[PDB]
$ cat data_9.cif   # mmCIF, N, CA and C atoms
data_coords
#
loop_
_atom_site.label_atom_id
_atom_site.label_comp_id
_atom_site.auth_asym_id
_atom_site.auth_seq_id
_atom_site.Cartn_x
_atom_site.Cartn_y
_atom_site.Cartn_z
N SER A 22 -9.27 33.53 -24.49
CA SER A 22 -8.06 33.73 -25.35
C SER A 22 -7.35 32.43 -25.70
N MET A 23 -6.48 32.55 -26.69
CA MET A 23 -5.65 31.45 -27.07
C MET A 23 -4.64 31.20 -25.96
N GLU A 24 -4.12 32.27 -25.31
CA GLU A 24 -3.14 32.05 -24.25
C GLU A 24 -3.78 31.25 -23.07
N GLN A 25 -4.98 31.66 -22.62
CA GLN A 25 -5.63 31.02 -21.45
C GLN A 25 -5.75 29.55 -21.69
N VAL A 26 -6.09 29.18 -22.92
CA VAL A 26 -6.16 27.77 -23.36
C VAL A 26 -4.82 27.01 -23.29
N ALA A 27 -3.75 27.65 -23.82
CA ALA A 27 -2.33 27.13 -23.76
C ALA A 27 -1.90 26.87 -22.29
N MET A 28 -2.21 27.86 -21.44
CA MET A 28 -2.02 27.81 -19.97
C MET A 28 -2.78 26.58 -19.38
N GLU A 29 -4.07 26.50 -19.69
CA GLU A 29 -4.90 25.38 -19.28
C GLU A 29 -4.40 24.01 -19.78
N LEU A 30 -3.84 23.94 -20.99
CA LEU A 30 -3.20 22.71 -21.48
C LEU A 30 -1.99 22.29 -20.63
N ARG A 31 -1.14 23.28 -20.24
CA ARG A 31 0.04 23.08 -19.34
C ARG A 31 -0.42 22.58 -17.95
N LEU A 32 -1.36 23.26 -17.33
CA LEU A 32 -1.98 22.80 -16.07
C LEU A 32 -2.51 21.37 -16.17
N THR A 33 -3.12 21.03 -17.30
CA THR A 33 -3.66 19.72 -17.48
C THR A 33 -2.54 18.74 -17.57
N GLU A 34 -1.48 19.13 -18.26
CA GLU A 34 -0.35 18.22 -18.39
C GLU A 34 0.39 18.06 -17.03
N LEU A 35 0.42 19.13 -16.26
CA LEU A 35 1.04 19.11 -14.90
C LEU A 35 0.25 18.14 -14.03
N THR A 36 -1.09 18.27 -14.13
CA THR A 36 -2.02 17.39 -13.46
C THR A 36 -1.81 15.97 -13.85
N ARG A 37 -1.54 15.71 -15.15
CA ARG A 37 -1.24 14.39 -15.64
C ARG A 37 0.02 13.85 -14.99
N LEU A 38 1.06 14.67 -14.95
CA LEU A 38 2.34 14.24 -14.35
C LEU A 38 2.20 14.03 -12.80
N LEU A 39 1.59 14.99 -12.13
CA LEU A 39 1.30 14.85 -10.67
C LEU A 39 0.41 13.67 -10.33
N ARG A 40 -0.51 13.28 -11.20
CA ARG A 40 -1.29 12.07 -10.95
C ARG A 40 -0.39 10.82 -10.93
N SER A 41 0.54 10.71 -11.88
CA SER A 41 1.49 9.61 -11.92
C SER A 41 2.43 9.63 -10.66
N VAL A 42 2.94 10.82 -10.33
CA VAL A 42 3.73 11.02 -9.09
C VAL A 42 2.91 10.56 -7.88
N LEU A 43 1.65 10.95 -7.81
CA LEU A 43 0.85 10.59 -6.65
C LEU A 43 0.69 9.09 -6.55
N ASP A 44 0.50 8.42 -7.71
CA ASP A 44 0.34 6.96 -7.70
C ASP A 44 1.58 6.27 -7.27
N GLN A 45 2.72 6.75 -7.73
CA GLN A 45 4.01 6.22 -7.32
C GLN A 45 4.27 6.40 -5.81
N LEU A 46 3.92 7.55 -5.27
CA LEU A 46 4.11 7.80 -3.80
C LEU A 46 3.20 6.91 -2.98
N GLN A 47 1.96 6.84 -3.39
CA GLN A 47 1.01 6.01 -2.72
C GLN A 47 1.34 4.49 -2.75
N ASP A 48 2.01 4.01 -3.80
CA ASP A 48 2.51 2.63 -3.81
C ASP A 48 3.52 2.35 -2.72
N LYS A 49 4.23 3.38 -2.28
CA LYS A 49 5.17 3.27 -1.18
C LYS A 49 4.51 3.22 0.19
N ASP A 50 3.19 3.10 0.23
CA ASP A 50 2.40 3.00 1.49
C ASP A 50 1.48 1.80 1.34
N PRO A 51 2.08 0.58 1.28
CA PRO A 51 1.21 -0.55 0.98
C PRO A 51 0.26 -0.88 2.12
N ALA A 52 0.60 -0.48 3.34
CA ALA A 52 -0.32 -0.67 4.46
C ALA A 52 -1.53 0.29 4.47
N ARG A 53 -1.53 1.30 3.60
CA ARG A 53 -2.60 2.29 3.50
C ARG A 53 -2.81 3.11 4.77
N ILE A 54 -1.68 3.37 5.45
CA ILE A 54 -1.69 4.14 6.68
C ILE A 54 -2.04 5.61 6.38
N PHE A 55 -1.69 6.05 5.19
CA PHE A 55 -1.85 7.47 4.78
C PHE A 55 -2.96 7.70 3.73
N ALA A 56 -3.72 6.65 3.43
CA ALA A 56 -4.74 6.71 2.41
C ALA A 56 -5.89 7.65 2.66
N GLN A 57 -6.32 7.81 3.93
CA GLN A 57 -7.51 8.56 4.22
C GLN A 57 -7.21 9.52 5.41
N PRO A 58 -8.03 10.56 5.60
CA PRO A 58 -7.91 11.40 6.79
C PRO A 58 -7.94 10.67 8.07
N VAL A 59 -7.11 11.08 9.02
CA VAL A 59 -7.24 10.60 10.41
C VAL A 59 -8.71 10.89 10.84
N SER A 60 -9.41 9.83 11.28
CA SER A 60 -10.82 9.91 11.75
C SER A 60 -10.98 10.75 13.09
N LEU A 61 -11.78 11.81 13.04
CA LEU A 61 -11.98 12.67 14.18
C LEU A 61 -12.98 11.97 15.06
N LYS A 62 -13.76 11.01 14.52
CA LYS A 62 -14.56 10.13 15.43
C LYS A 62 -13.66 9.27 16.30
N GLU A 63 -12.62 8.65 15.72
CA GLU A 63 -11.67 7.77 16.43
C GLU A 63 -10.44 8.42 17.16
N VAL A 64 -10.05 9.62 16.69
CA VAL A 64 -9.05 10.45 17.35
C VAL A 64 -9.65 11.84 17.57
N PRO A 65 -10.58 11.95 18.56
CA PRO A 65 -11.32 13.21 18.70
C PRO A 65 -10.45 14.44 19.07
N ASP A 66 -9.30 14.24 19.69
CA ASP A 66 -8.36 15.35 20.02
C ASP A 66 -7.41 15.73 18.87
N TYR A 67 -7.54 15.11 17.68
CA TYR A 67 -6.45 15.21 16.69
C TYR A 67 -6.12 16.66 16.33
N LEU A 68 -7.13 17.47 16.16
CA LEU A 68 -6.91 18.87 15.72
C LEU A 68 -6.31 19.76 16.80
N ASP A 69 -6.31 19.30 18.07
CA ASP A 69 -5.58 19.95 19.11
C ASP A 69 -4.07 19.77 18.92
N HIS A 70 -3.70 18.71 18.17
CA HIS A 70 -2.27 18.37 17.92
C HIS A 70 -1.82 18.84 16.54
N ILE A 71 -2.59 18.54 15.54
CA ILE A 71 -2.23 18.72 14.15
C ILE A 71 -3.19 19.78 13.58
N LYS A 72 -2.58 20.91 13.21
CA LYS A 72 -3.38 21.99 12.64
C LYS A 72 -3.74 21.94 11.16
N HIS A 73 -2.94 21.25 10.34
CA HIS A 73 -3.23 21.09 8.97
C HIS A 73 -3.11 19.57 8.61
N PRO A 74 -4.20 18.84 8.85
CA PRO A 74 -4.23 17.40 8.48
C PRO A 74 -4.11 17.19 6.98
N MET A 75 -3.51 16.05 6.59
CA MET A 75 -3.43 15.78 5.17
C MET A 75 -3.40 14.26 5.01
N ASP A 76 -3.74 13.82 3.82
CA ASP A 76 -3.76 12.38 3.48
C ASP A 76 -3.85 12.23 1.95
N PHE A 77 -3.61 11.04 1.44
CA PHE A 77 -3.60 10.87 0.02
C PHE A 77 -4.96 11.09 -0.66
N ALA A 78 -6.09 10.76 -0.02
CA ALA A 78 -7.39 10.95 -0.70
C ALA A 78 -7.70 12.46 -0.85
N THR A 79 -7.31 13.21 0.17
CA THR A 79 -7.49 14.68 0.19
C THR A 79 -6.62 15.26 -0.93
N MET A 80 -5.38 14.77 -1.08
CA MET A 80 -4.50 15.30 -2.15
C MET A 80 -5.09 14.98 -3.53
N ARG A 81 -5.64 13.79 -3.68
CA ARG A 81 -6.24 13.40 -4.92
C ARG A 81 -7.45 14.29 -5.31
N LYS A 82 -8.24 14.69 -4.34
CA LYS A 82 -9.39 15.58 -4.61
C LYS A 82 -8.86 16.89 -5.18
N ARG A 83 -7.84 17.45 -4.52
CA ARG A 83 -7.24 18.69 -5.00
C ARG A 83 -6.64 18.49 -6.39
N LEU A 84 -5.89 17.44 -6.55
CA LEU A 84 -5.29 17.14 -7.84
C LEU A 84 -6.36 17.17 -8.97
N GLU A 85 -7.48 16.50 -8.76
CA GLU A 85 -8.45 16.29 -9.85
C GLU A 85 -9.30 17.52 -10.13
N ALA A 86 -9.38 18.44 -9.17
CA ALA A 86 -9.83 19.79 -9.40
C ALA A 86 -8.73 20.72 -9.99
N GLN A 87 -7.62 20.15 -10.50
CA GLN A 87 -6.45 20.95 -10.93
C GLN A 87 -6.05 22.07 -9.96
N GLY A 88 -6.05 21.71 -8.67
CA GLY A 88 -5.78 22.61 -7.59
C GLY A 88 -4.29 22.74 -7.26
N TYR A 89 -3.42 21.96 -7.91
CA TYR A 89 -1.97 22.18 -7.71
C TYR A 89 -1.39 23.04 -8.86
N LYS A 90 -0.94 24.23 -8.53
CA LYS A 90 -0.34 25.16 -9.57
C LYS A 90 1.06 24.79 -10.04
N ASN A 91 1.83 24.14 -9.17
CA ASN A 91 3.22 23.79 -9.43
C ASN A 91 3.57 22.61 -8.49
N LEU A 92 4.67 21.92 -8.76
CA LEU A 92 5.16 20.82 -7.91
C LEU A 92 5.38 21.21 -6.46
N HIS A 93 5.86 22.42 -6.20
CA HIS A 93 6.10 22.90 -4.81
C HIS A 93 4.84 22.75 -3.93
N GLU A 94 3.69 23.17 -4.44
CA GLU A 94 2.41 23.03 -3.71
C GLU A 94 2.07 21.54 -3.39
N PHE A 95 2.29 20.66 -4.33
CA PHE A 95 2.07 19.25 -4.21
C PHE A 95 3.01 18.68 -3.17
N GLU A 96 4.28 19.01 -3.25
CA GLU A 96 5.24 18.56 -2.25
C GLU A 96 4.91 19.03 -0.86
N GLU A 97 4.38 20.25 -0.75
CA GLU A 97 3.99 20.78 0.55
C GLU A 97 2.98 19.84 1.23
N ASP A 98 1.98 19.43 0.45
CA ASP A 98 0.92 18.50 0.93
C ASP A 98 1.54 17.13 1.26
N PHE A 99 2.43 16.60 0.43
CA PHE A 99 3.09 15.30 0.76
C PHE A 99 3.88 15.37 2.08
N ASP A 100 4.64 16.44 2.25
CA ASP A 100 5.42 16.67 3.44
C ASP A 100 4.51 16.79 4.69
N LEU A 101 3.31 17.36 4.57
CA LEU A 101 2.36 17.43 5.68
C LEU A 101 1.95 16.03 6.16
N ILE A 102 1.73 15.15 5.22
CA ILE A 102 1.34 13.77 5.56
C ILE A 102 2.40 13.18 6.50
N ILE A 103 3.69 13.30 6.09
CA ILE A 103 4.82 12.72 6.80
C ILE A 103 5.03 13.42 8.14
N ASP A 104 5.07 14.77 8.06
CA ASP A 104 5.46 15.53 9.23
C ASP A 104 4.39 15.45 10.32
N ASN A 105 3.12 15.44 9.97
CA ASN A 105 2.00 15.34 10.92
C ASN A 105 2.14 14.01 11.66
N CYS A 106 2.39 12.96 10.90
CA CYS A 106 2.53 11.61 11.49
C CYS A 106 3.67 11.49 12.44
N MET A 107 4.84 12.06 12.10
CA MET A 107 6.02 12.01 12.92
C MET A 107 5.89 12.85 14.22
N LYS A 108 4.97 13.80 14.22
CA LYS A 108 4.70 14.55 15.43
C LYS A 108 3.68 13.81 16.32
N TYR A 109 2.57 13.40 15.77
CA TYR A 109 1.50 12.79 16.54
C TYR A 109 1.86 11.46 17.13
N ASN A 110 2.61 10.70 16.34
CA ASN A 110 2.98 9.34 16.77
C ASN A 110 4.39 9.28 17.28
N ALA A 111 4.67 8.48 18.31
CA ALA A 111 5.99 8.30 18.84
C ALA A 111 6.91 7.50 17.91
N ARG A 112 8.19 7.71 18.07
CA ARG A 112 9.21 6.99 17.32
C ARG A 112 9.09 5.47 17.22
N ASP A 113 8.62 4.82 18.28
CA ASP A 113 8.54 3.36 18.32
C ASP A 113 7.19 2.78 17.81
N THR A 114 6.52 3.48 16.92
CA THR A 114 5.20 3.06 16.46
C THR A 114 5.28 2.67 15.01
N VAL A 115 4.35 1.79 14.61
CA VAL A 115 4.26 1.40 13.21
C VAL A 115 3.91 2.62 12.34
N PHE A 116 3.14 3.56 12.88
CA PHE A 116 2.80 4.76 12.12
C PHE A 116 4.01 5.64 11.83
N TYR A 117 4.79 5.96 12.84
CA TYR A 117 6.01 6.80 12.67
C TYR A 117 6.93 6.13 11.66
N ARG A 118 7.12 4.83 11.86
CA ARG A 118 8.05 4.10 11.00
C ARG A 118 7.57 4.10 9.55
N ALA A 119 6.26 3.99 9.39
CA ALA A 119 5.69 4.02 8.03
C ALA A 119 6.00 5.36 7.33
N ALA A 120 5.88 6.45 8.09
CA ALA A 120 6.21 7.78 7.58
C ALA A 120 7.65 7.92 7.19
N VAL A 121 8.57 7.37 8.00
CA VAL A 121 9.98 7.48 7.66
C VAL A 121 10.29 6.79 6.32
N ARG A 122 9.72 5.59 6.16
CA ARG A 122 9.88 4.76 4.96
C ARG A 122 9.26 5.43 3.73
N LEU A 123 8.09 6.03 3.89
CA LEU A 123 7.46 6.84 2.81
C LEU A 123 8.29 8.04 2.38
N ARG A 124 8.83 8.77 3.36
CA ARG A 124 9.70 9.90 3.09
C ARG A 124 10.93 9.42 2.30
N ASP A 125 11.55 8.36 2.79
CA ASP A 125 12.81 7.91 2.20
C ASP A 125 12.59 7.44 0.77
N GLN A 126 11.57 6.60 0.59
CA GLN A 126 11.22 6.08 -0.73
C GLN A 126 10.63 7.11 -1.67
N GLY A 127 9.86 8.05 -1.16
CA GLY A 127 9.27 9.09 -2.00
C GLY A 127 10.29 10.05 -2.56
N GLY A 128 11.42 10.22 -1.85
CA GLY A 128 12.48 11.17 -2.20
C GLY A 128 12.97 11.00 -3.61
N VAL A 129 13.12 9.74 -4.01
CA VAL A 129 13.60 9.30 -5.33
C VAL A 129 12.65 9.70 -6.47
N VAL A 130 11.36 9.49 -6.23
CA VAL A 130 10.25 9.82 -7.14
C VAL A 130 10.18 11.32 -7.33
N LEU A 131 10.23 12.03 -6.21
CA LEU A 131 10.16 13.50 -6.21
C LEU A 131 11.39 14.19 -6.84
N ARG A 132 12.55 13.61 -6.64
CA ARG A 132 13.76 14.04 -7.32
C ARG A 132 13.61 14.04 -8.85
N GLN A 133 13.08 12.94 -9.44
CA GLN A 133 12.92 12.88 -10.88
C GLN A 133 11.73 13.74 -11.37
N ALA A 134 10.67 13.83 -10.57
CA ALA A 134 9.57 14.67 -10.93
C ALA A 134 10.00 16.13 -11.06
N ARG A 135 10.89 16.60 -10.20
CA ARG A 135 11.36 17.98 -10.29
C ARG A 135 12.14 18.22 -11.60
N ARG A 136 12.97 17.26 -11.98
CA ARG A 136 13.71 17.30 -13.23
C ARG A 136 12.72 17.33 -14.42
N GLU A 137 11.69 16.45 -14.40
CA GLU A 137 10.65 16.38 -15.45
C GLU A 137 9.83 17.67 -15.61
N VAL A 138 9.46 18.27 -14.49
CA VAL A 138 8.72 19.52 -14.50
C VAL A 138 9.52 20.71 -15.06
N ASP A 139 10.75 20.88 -14.60
CA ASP A 139 11.73 21.84 -15.17
C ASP A 139 12.00 21.55 -16.67
N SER A 140 12.31 20.29 -16.98
CA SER A 140 12.62 19.83 -18.34
C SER A 140 11.47 20.13 -19.34
N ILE A 141 10.31 19.48 -19.17
CA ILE A 141 9.11 19.76 -20.00
C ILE A 141 8.49 21.16 -19.82
N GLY A 142 8.95 21.95 -18.83
CA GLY A 142 8.48 23.33 -18.62
C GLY A 142 7.24 23.36 -17.75
#
$ encode --input "data_9.cif" --output "C-alpha cells"
Amino acid sequence: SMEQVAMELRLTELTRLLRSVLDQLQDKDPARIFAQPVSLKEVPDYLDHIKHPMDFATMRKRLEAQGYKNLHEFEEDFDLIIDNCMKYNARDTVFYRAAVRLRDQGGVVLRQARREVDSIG
C-alpha cells in the first residue's frame, strides 16, 4: 500500500535522526569504554551480574536493521549501557566515572532529540 510506504519513509527518517543521535552520544565516550560488548572471555561471570548487556556496536546493529520504532526504545538501550556499568563497576573506577560523564553529556543531546522527534512527527 501507499500507507505502508509512507510509514516506511517515517521509520527511515527516524533511523536517519537516531543515527545522528547515536554518533553524538558515542562522541561523548572518547575512551571507547562503551564501544563494544563486555567480553565474556575476559569477564566470564558478567551475565551472573548483568542480565541485559548493551553497548554502542549492538545499538548500531539494531539501528541499521531499523529495529528502533520510536526514541523511547533507543533511550532504553542507551540507559542500559550506563546503568549496567554503574552496577558492575564500583564508584571509584574509571568505568563508573565514564558512565556518569556519558549520562550527563548525553542528556543534552537526548533533550533536543525528543523535541525534534515530536516536532517533525
$ residues_around --input "data_9.cif" --residues "residue 142 of chain A" --least-positions-apart "5" --cutoff "8 Å" --atoms "all atoms listed in the file" --output "ChimeraX atom specification"
/A:31,136-137
$ axis_aligned_box --input "data_9.cif" --around "segment 31-48 of chain A" --padding-each-side "4 Å" --output "lines of an AutoDock Vina configuration file"
center_x = 0.3
center_y = 12.8
center_z = -11.5
size_x = 15.9
size_y = 28.9
size_z = 25.5
$ select_by_dssp --input "data_9.cif" --residues "chain A" --states "alpha helix (DSSP H)" --output "PyMOL selection string"
chain A and resi 23-48+67-70+77-85+92-109+115-141
$ resolve_selection --input "data_9.cif" --expression "the PyMOL selection byres (((chain A and resi 60-75 and name CA) around 7) and name CA)" --output "list in words"
residues 58, 59, 76, 79, 98, 101, 102, 105 and 109 of chain A
$ atom_distance --input "data_9.cif" --atom1 "atom CA of residue 50 of chain A" --atom2 "atom CA of residue 81 of chain A"
15.0 Å
$ resolve_selection --input "data_9.cif" --expression "the PyMOL selection byres (((chain A and resi 40-47 and name CA) around 9) and name CA)" --output "mmCIF file with N, CA and C atoms, in the coordinates of the input"
data_model
loop_
_atom_site.group_PDB
_atom_site.id
_atom_site.type_symbol
_atom_site.label_atom_id
_atom_site.label_comp_id
_atom_site.auth_asym_id
_atom_site.auth_seq_id
_atom_site.Cartn_x
_atom_site.Cartn_y
_atom_site.Cartn_z
ATOM 1 N N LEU A 35 0.420 19.130 -16.260
ATOM 2 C CA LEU A 35 1.040 19.110 -14.900
ATOM 3 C C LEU A 35 0.250 18.140 -14.030
ATOM 4 N N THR A 36 -1.090 18.270 -14.130
ATOM 5 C CA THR A 36 -2.020 17.390 -13.460
ATOM 6 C C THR A 36 -1.810 15.970 -13.850
ATOM 7 N N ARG A 37 -1.540 15.710 -15.150
ATOM 8 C CA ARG A 37 -1.240 14.390 -15.640
ATOM 9 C C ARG A 37 0.020 13.850 -14.990
ATOM 10 N N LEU A 38 1.060 14.670 -14.950
ATOM 11 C CA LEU A 38 2.340 14.240 -14.350
ATOM 12 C C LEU A 38 2.200 14.030 -12.800
ATOM 13 N N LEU A 39 1.590 14.990 -12.130
ATOM 14 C CA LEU A 39 1.300 14.850 -10.670
ATOM 15 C C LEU A 39 0.410 13.670 -10.330
ATOM 16 N N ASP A 48 2.010 4.010 -3.800
ATOM 17 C CA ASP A 48 2.510 2.630 -3.810
ATOM 18 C C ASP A 48 3.520 2.350 -2.720
ATOM 19 N N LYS A 49 4.230 3.380 -2.280
ATOM 20 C CA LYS A 49 5.170 3.270 -1.180
ATOM 21 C C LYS A 49 4.510 3.220 0.190
ATOM 22 N N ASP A 50 3.190 3.100 0.230
ATOM 23 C CA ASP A 50 2.400 3.000 1.490
ATOM 24 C C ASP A 50 1.480 1.800 1.340
ATOM 25 N N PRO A 51 2.080 0.580 1.280
ATOM 26 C CA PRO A 51 1.210 -0.550 0.980
ATOM 27 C C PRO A 51 0.260 -0.880 2.120
ATOM 28 N N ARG A 53 -1.530 1.300 3.600
ATOM 29 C CA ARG A 53 -2.600 2.290 3.500
ATOM 30 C C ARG A 53 -2.810 3.110 4.770
ATOM 31 N N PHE A 55 -1.690 6.050 5.190
ATOM 32 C CA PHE A 55 -1.850 7.470 4.780
ATOM 33 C C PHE A 55 -2.960 7.700 3.730
ATOM 34 N N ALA A 56 -3.720 6.650 3.430
ATOM 35 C CA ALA A 56 -4.740 6.710 2.410
ATOM 36 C C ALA A 56 -5.890 7.650 2.660
ATOM 37 N N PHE A 77 -3.610 11.040 1.440
ATOM 38 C CA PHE A 77 -3.600 10.870 0.020
ATOM 39 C C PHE A 77 -4.960 11.090 -0.660
ATOM 40 N N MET A 80 -5.380 14.770 -1.080
ATOM 41 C CA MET A 80 -4.500 15.300 -2.150
ATOM 42 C C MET A 80 -5.090 14.980 -3.530
ATOM 43 N N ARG A 81 -5.640 13.790 -3.680
ATOM 44 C CA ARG A 81 -6.240 13.400 -4.920
ATOM 45 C C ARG A 81 -7.450 14.290 -5.310
ATOM 46 N N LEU A 84 -5.890 17.440 -6.550
ATOM 47 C CA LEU A 84 -5.290 17.140 -7.840
ATOM 48 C C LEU A 84 -6.360 17.170 -8.970
ATOM 49 N N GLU A 85 -7.480 16.500 -8.760
ATOM 50 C CA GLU A 85 -8.450 16.290 -9.850
ATOM 51 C C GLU A 85 -9.300 17.520 -10.130
ATOM 52 N N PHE A 99 2.430 16.600 0.430
ATOM 53 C CA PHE A 99 3.090 15.300 0.760
ATOM 54 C C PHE A 99 3.880 15.370 2.080
ATOM 55 N N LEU A 123 8.090 6.030 3.890
ATOM 56 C CA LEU A 123 7.460 6.840 2.810
ATOM 57 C C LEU A 123 8.290 8.040 2.380
ATOM 58 N N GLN A 126 11.570 6.600 0.590
ATOM 59 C CA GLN A 126 11.220 6.080 -0.730
ATOM 60 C C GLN A 126 10.630 7.110 -1.670
ATOM 61 N N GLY A 127 9.860 8.050 -1.160
ATOM 62 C CA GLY A 127 9.270 9.090 -2.000
ATOM 63 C C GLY A 127 10.290 10.050 -2.560
ATOM 64 N N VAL A 130 11.360 9.490 -6.230
ATOM 65 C CA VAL A 130 10.250 9.820 -7.140
ATOM 66 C C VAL A 130 10.180 11.320 -7.330
ATOM 67 N N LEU A 131 10.230 12.030 -6.210
ATOM 68 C CA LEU A 131 10.160 13.500 -6.210
ATOM 69 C C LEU A 131 11.390 14.190 -6.840
ATOM 70 N N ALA A 134 10.670 13.830 -10.570
ATOM 71 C CA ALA A 134 9.570 14.670 -10.930
ATOM 72 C C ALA A 134 10.000 16.130 -11.060
#
$ atom_distance --input "data_9.cif" --atom1 "atom N of residue 29 of chain A" --atom2 "atom N of residue 92 of chain A"
14.7 Å
$ closest_residue --input "data_9.cif" --among "A:25, A:121, A:93, A:32" --to "residue 106 of chain A" --atoms "only N, CA and C atoms"
A:121
$ atom_distance --input "data_9.cif" --atom1 "atom N of residue 107 of chain A" --atom2 "atom CA of residue 138 of chain A"
27.9 Å
